[PDB]
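In structure tokens, the next block holds one chain alone, the form deposited in one PDB entry.
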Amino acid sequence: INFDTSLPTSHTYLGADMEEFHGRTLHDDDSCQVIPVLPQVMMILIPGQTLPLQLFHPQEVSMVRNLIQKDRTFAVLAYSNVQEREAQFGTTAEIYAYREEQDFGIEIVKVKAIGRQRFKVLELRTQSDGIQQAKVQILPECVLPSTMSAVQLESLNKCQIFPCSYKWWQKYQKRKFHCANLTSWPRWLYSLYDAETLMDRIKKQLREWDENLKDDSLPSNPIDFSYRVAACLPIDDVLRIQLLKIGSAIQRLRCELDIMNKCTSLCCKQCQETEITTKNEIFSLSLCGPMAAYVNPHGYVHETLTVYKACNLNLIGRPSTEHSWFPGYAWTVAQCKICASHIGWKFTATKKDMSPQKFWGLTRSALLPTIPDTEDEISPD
């Protein structure tokens, strides 16, 4: 527990410092926009999430040069069916850093993008160049007032500002939700739909993963907090699409808490029954949380979840430090013992003084969140 959590976020394996942009582009809510799609991007991007890319193909390089001159925004499709390139939703990605390199006589472009706005796909058109454009509708972010705003007594308005955290939360609930007695429901029900309470319940689980304090690292805005947590939850694509479809931060935070409590096991997606790890082994080796997207030397993007222990995995080959996403650690390819599907990599320290000495980086695309005992899957809110 001494690595330097600021290291993976820097993406130092990408080389020399990239050119940075300060400007920002946001489209009006509910507006219709035509945005280009990067052909080989397969990730489901969450607003506020960092996406590194290495573009090799001349058509991809050209498209990015054009974006860097215009709004710097591309569409990242949330694929329902990846094979037939089907998508109903997606997220805009704004390039904030770039670097053009002439590696081996070929123009290569490295990019760092960030998720900005959620959208509904209205139409997809592939042009005569092979590069496709998405006719999109910008999905608004629903901000609700306190559930008590329409049910508060004017005489108790001067009691709404408030000065052993459990005793504090008990008083928070009694005072904030006092006027719940004018309604059909108790204070404890309103708490289950209260942003601050829901965020404090999430923080308690995030502290279980990282020893960094809420004070600085975690945002105060429910929208940003909810998106920051959504980005680092190791769930399958069908669940992530449902999570992306949520417009209210309350519903997003509730839905996250439910996933965090229900899904305790992580199995191999190909096997569905082979257990790889549990939520108890999840830990943050990055400021972003336990999981972030990294790009490999050939431009393959992996959302890599860091865990202390993993089982049912075979190690292929010997360790390597080449293009390591966690500087100071060497990687060894890890496959499932049953189906031999690539699950991730084992990371082993190069120096004896380093802690942890070993951990596993599992690629989200290979995992399947599992409910213990015998039941199906459901994401409430």
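Between two forms, the rigid core is the largest collection of C-alphas that superpose within 1.5 Å. Sequential numbering from 1, following the sequence displayed.
Counting the deposited residues that fall between residue 163 and residue 164 and carry no coordinates gives a value of 4 to 9. The question of which stretch, 153-161 or 184-192, has the higher mean Cα B factor is settled in favour of 153-161. Note on 135-143 vs 80-88: mean CA B-factor is higher in 80-88. Across the options 300, 169, 119, 227, the residue with the most elevated CA B-factor in the record is 169. You'll see in the entry that, of 295, 75, 95, 288, the Cα B factor peaks at 288. Placement of the Cα temperature factor of residue 238 within the chain: middle third of the modelled residues, per the deposited record. Residue 352: CA B factor lies in the highest third for its chain, per the PDB record. Sorting the modelled residues of the chain by their CA temperature factor places residue 257 in the middle third.
In this PDB entry, the Cα temperature factor of residue 12 sits in the bottom third of its chain's modelled residues, the lowest group. Placement of the Cα temperature factor of residue 371 within the chain: highest third of the modelled residues, per the deposited record.
Absent from the display: the form deposited in another entry. The rest refers to it.
In the overlay on the core between the shown form and the other one, a shift of 2 Å or more in CA position is seen for a single residue of 191, 117, 277, 248, which is 277.
Annotation: Cα of residue 135 displaced by less than 2 Å between the shown form and the other one, core superposition. Core-superposed comparison between the shown form and the other one: the C-alpha position of residue 36 differs by less than 2 Å. Once both forms are fitted on their rigid core, the CA atom of residue 293 lies 2 Å or more apart between the shown form and the other one. Cα-Cα spacing of residue 243 to residue 308 is enlarged in the other entry versus the present form (difference of at least 3 Å).
Between residue 373 and residue 240, the Cα spacing is smaller in the other entry than in the shown form, differing by no less than 3 Å.
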